[PDB]
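Notes follow the structure.
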Amino acid sequence: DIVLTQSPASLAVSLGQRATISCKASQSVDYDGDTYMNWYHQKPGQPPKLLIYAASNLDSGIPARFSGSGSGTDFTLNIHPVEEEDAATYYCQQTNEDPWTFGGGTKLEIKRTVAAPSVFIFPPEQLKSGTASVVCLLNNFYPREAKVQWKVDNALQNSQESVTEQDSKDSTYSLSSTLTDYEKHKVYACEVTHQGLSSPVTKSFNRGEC
Amino acid sequence: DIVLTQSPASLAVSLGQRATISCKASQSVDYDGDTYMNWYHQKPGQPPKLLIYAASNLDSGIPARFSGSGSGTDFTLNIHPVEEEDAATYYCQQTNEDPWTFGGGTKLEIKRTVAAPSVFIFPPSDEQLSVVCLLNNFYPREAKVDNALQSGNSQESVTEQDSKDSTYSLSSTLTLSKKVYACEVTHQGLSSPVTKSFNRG
Amino acid sequence: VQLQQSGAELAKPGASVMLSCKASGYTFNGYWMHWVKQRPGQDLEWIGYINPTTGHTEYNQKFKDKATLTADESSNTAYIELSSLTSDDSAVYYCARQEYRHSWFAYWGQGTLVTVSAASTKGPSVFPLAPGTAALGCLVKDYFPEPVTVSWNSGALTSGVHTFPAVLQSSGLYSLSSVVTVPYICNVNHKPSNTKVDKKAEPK
Amino acid sequence: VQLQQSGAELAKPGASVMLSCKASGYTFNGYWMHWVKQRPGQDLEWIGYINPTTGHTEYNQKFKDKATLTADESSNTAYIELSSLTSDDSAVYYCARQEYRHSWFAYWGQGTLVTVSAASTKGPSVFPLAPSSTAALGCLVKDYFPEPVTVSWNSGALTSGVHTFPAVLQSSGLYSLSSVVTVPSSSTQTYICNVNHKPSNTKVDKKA
Amino acid sequence: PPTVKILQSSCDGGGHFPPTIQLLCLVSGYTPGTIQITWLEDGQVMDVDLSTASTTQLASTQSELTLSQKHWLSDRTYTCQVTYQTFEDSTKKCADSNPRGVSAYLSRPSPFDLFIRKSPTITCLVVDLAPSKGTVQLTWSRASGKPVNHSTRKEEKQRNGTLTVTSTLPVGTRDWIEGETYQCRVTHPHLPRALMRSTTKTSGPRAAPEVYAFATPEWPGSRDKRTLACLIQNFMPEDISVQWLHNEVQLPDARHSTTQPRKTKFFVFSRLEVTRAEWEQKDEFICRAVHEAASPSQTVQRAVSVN
Amino acid sequence: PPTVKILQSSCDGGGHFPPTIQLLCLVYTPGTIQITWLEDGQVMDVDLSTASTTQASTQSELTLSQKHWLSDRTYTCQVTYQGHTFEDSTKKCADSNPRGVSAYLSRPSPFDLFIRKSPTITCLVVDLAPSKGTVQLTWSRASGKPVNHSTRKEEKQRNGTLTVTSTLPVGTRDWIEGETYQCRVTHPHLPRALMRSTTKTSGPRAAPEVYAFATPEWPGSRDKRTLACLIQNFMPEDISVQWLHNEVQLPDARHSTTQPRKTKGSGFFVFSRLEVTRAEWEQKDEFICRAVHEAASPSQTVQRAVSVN
């Protein structure tokens, strides 16, 4: 068994510079003048896609920014210049000796400008289900770091959050929070503090108001 | 300049027997682990055709009686069983290095049951005013062609061993520039010599 | 030129399942079919390969007791069976194909989400999200097993749609939500439960 | 995949002759075409080859001054020009062809017989043979130069049982060839031999 | 007198084959009358459910044969048969202009398996074969036709995306030495022409090998391990088996690196490296050579020591 | 709206081609229409085609020579119908398993760069057909500076293949500076050009080691003895070996040396064999096995002597 190792595990590159990732193996994947190392990358939910094969050859329909180099046990991939749709997880692969094996993987975050999240709130019609839930959405914000706190009667208290992947077009993340005794309290609010906000913003609503 | 020396230069094999020809070389005809030795045979009037290449490979459309073996400096060609159509001269060739060179040749003769010639005397044509004594389809080639036993007033000509009858034929031209003409013939298959005679008219 | 995998699966611990992979077109020189296991958030593992033209098999030593490959060239379909399933065996299974004179995967499969659980299938409940540009969304909570997918009007509203990854609720069921910004109808599909629910985005 | 060469030729000592060898068809990958000399009843001697695509050549040490290979790619034709013709040059000349990825010869030509002498080009003399009584009739080709002569029976209608004897040199320095053919005793039909002498461009035919 | 000509579908702008190849047979310029159109695949009749015909009137007629990519590329022969009161035109898959082709090798038994182990085997090998063409059969036959034992067949996927089929045939101990020749027949449907290869015991002189063992001096920094070398030269012919023995037992091939026989002006070099604990147990290593011309029992060896 | 598709000539029953290749282009609302052929983009002589129109049905047949059809040229049927253009293309059907071209570019031998100080590189092309003998390869330097004059020669091999070898001299200072040279190969049969680059070896460099031996006297060779030499543990693989007797160098054809191969640990290794005569050792019982290497010290030369008695 050959063991491959990539470095780093994650990095953030801005638009206009070159990204660089290396991958080292337990054996020389060279053989009789040929080198058997490839470069894949996959976006969330999708199967991987080949970018560079044989350590220095480009596949069909791949931009000229992606290039590789190396031999023996050291290999290197470059992305110059980086575009907005390059955020993915990149893998190296060896195909010289069974069993075939892959590298660890290197996640790519796109460094862009600051963006404050647009805040919307949604109350539970669905109240007939026997239990209520409050969802607060933060759409198209950067970076991923953001805080959300729930105010029940203007007081903090059973919440789970999810974050979408970095978008390929907007290059921004999005966050959701599900706040699941409901009728016993009056006012609900979603407190969000973000680096793009000069002042902390909060959206509020009263139950059955209209 | 690799030279090839094949032996023997002439041999006779019975019909259905086994023919063996050796081809010796001055240098290894092998290179890169492979043998560059070929085998051809030449019919009269025609160019040679390839019988076996790389010593141990038969060409497309060659009978299964031909088999070649050997490498390095000594090679061998085997024919079994021999048929009447194999009457030709065999040459071995090397393609190992320039210049390509052939052997001395081996003439294979197909032995068979002895046959007597059909003798005929032809008086000369009146358009010239040249006797012709024909012996057709006999075997073997050992033959002896005014009641005057002469010598030096006639010429000879012989055909090749036929490819389907395996027999020879001979032509004799007794010349007479401007009354009794005849031709005597003695052969091994015949019991006693026979004569064909013709008129002065 | 592309490949087509089977649908999502749900299996009990210790049983066996069958997964497929369909190849398009025709290649007269042949091909090799490989299987690659991956848990969401883990490195890629090579299970093995099988030559559909001859049926020959070679397995990773760590998968010889768990995986056995099968293929039928009459329909360009590749199969794989997993025995003695545990919680560590649940993952997503890609099928990749190696072409002739190639040493790289040229075509990948869509991926088959397999979950090993003793619990039965549970259907989702879809609730809308009622609120210059505003937003509208839909909430699909409490479903099992993964995954369940959602869309907006079957291509009517594509841009501005954000559907977050599934969040495992503490009860044992999953939960997800989709939104859309407009300055619409939600199409929620859950194949393991054989339930397709539609929901419109309008205030109420 | 056939090779046809020039016909018979005659040359004076010290002159030059060029022999052609054209290949039928278009072969994509290319091919080397050699030339092989065969003296009267002696060994097969190798001369050299030429790649018509580029014109590169390699000659033998013996024929380096006697032969010159030329070729044109467009017409699939090769040429060999022999200078300083001598009696040693009176021989049969074949053009063999080696194909791509072959350690041997694949196609051979019919051969171009070259006779180097000072004798005059002479037409043949055809005299029939009288059948007197399996019947037999023949034809006599006398006093022709140079060799060879093309003989055909019934313009190619009768080919079985025919014997065309090799030429023999007469005392006056001229050639003589004979041909016979055997037919059933009834014989009903006609038997005519057609003779062609390529060097002198003469063609005759006589009846039995 | 009808004229028969066949056209076919043109390939893609990048040379690709379409999903379906279409053979259009054109029979034009015949006196109007009764006429029949039949398609023939490799000599046998194809059913008319894959063909459509169109007739107009001189007189000309066209029929379009619809084949799949697996059909036309199967290297088969198709003939448009027109029976007019028999005229025909044939076509097959356009062959490669520079085809790589197949190569096959058939080696001879090792002198170790022939003399010491006394279980000699020959092996037939085909390399550079596609995924398909992977059931290519390798059947055995002898020059005399005498029975052969069962043969093994194994296939191995290579690094360059190729496949190699291997077939090993055991031979009788006395039968191989007298001079029998064994044949290997390679055939597959895609492969048009059968490939044939044979082997036999070498027919040349016989000369015993000269064995010489030596040890490399103590190189700076190389005290925990030592390099041993063995030179074997002037043996005929090139069939030889080189082994290394330590503590009166043989070592695997992976421990040493041995060259291939090259012709002498044959000689081989082998290189075995030992560890510190290797010579401490038994400070003696035997470079054993198995050759047909050796004596007493087709084996000649020499020892070597580290100190 | 017109419709356009092309049909070509079918191959012989044995998969062979006709002498020529004919391509028929079949073309809707009647009006203005005209057909044009394009050879890899360039327009062709309209005299090469013969058009036909039936009212509508319009077609045009273009006859190609097998040389150009097999040269992998792309041909386009350009049809302008009552306004705008519509195009269909076609090239020769690709081979199933082709052989392709094979090219090699070698590094200068250390004896030329270090001992003689006049290195040379070479662009080698192996295994191709005779008609691809006119394949002209063109040198080029990555720095943009012009290249010196090179040598070209074609060679007829045993296996009936051709080999065109092109040697290029280089400047000593330029090579060590880390230059990259490229060989560009062109031929009408290949629509695209093949290129390959080589440069100096950069990486860990280790010094070679020499061990010489003289075989004992064997009973059957009274007047001959074999000399061996083992070189090992050197990086990288670029090296050159020579034998010396009586202060002169023996030709390369005098000793049978092998190609480098990696050791079980660090370095490569090479064996060498030398057959000298009895008169060779009686004149001077001394034989040197020298080697030129990058990391060889001091002057890139290391050798040892050996005697037979």
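Every chain is named by a letter (A, B, C, D, E and F) in the order it is written, and numbering of its residues begins at 1.
Assume a contact is a pair of C-beta atoms (placed from the backbone, for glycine too) under 8 Å apart; a residue touches a chain by one contact, two chains touch by 3 or more.
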Give the identifier of the chain nearest to the protein's overall CA centre, each chain being represented by its own CA mean.
E
The distance between the C-alpha centres of chain C and chain F, rounded to whole Å, is 47
Chain A and chain C: spacing of chain centres that average the CA atoms, whole Å
19
CA centroids of chain D and chain F: separation to the nearest Å works out as 44
Show the residues in chain E shared as contacts by 2 or more other chains, in ascending order.
73, 97-98, 130, 159-160
Quick check on chain B: which residues sit in contact with 2+ other chains?
36, 95
Mind pulling the residue numbers of chain C that touch at least two other chains?
28-29, 58, 100-101, 103
Let me make sure I understand the interfaces: which chain pairs count as touching?
A-C, A-E, B-D, B-E, B-F, C-E, C-F, D-E, D-F, E-F
State the interface residues of chain C toward chain E in the complex, per the touch definition above.
25-26, 28-32, 49, 51-54, 56, 58, 98-103
Contact footprint of chain E on chain B as seen in their complex:
28, 56, 69-72, 74
What residues of chain C sit close enough to touch chain F in their complex?
28-29, 100-101
Residue numbers on chain E that touch chain C, as the complex places them:
19, 68-70, 73-74, 130-135, 155, 157, 159-163, 190
Inside the complex, what are the residues of chain E that reach chain B?
181, 198, 200, 202-204, 263
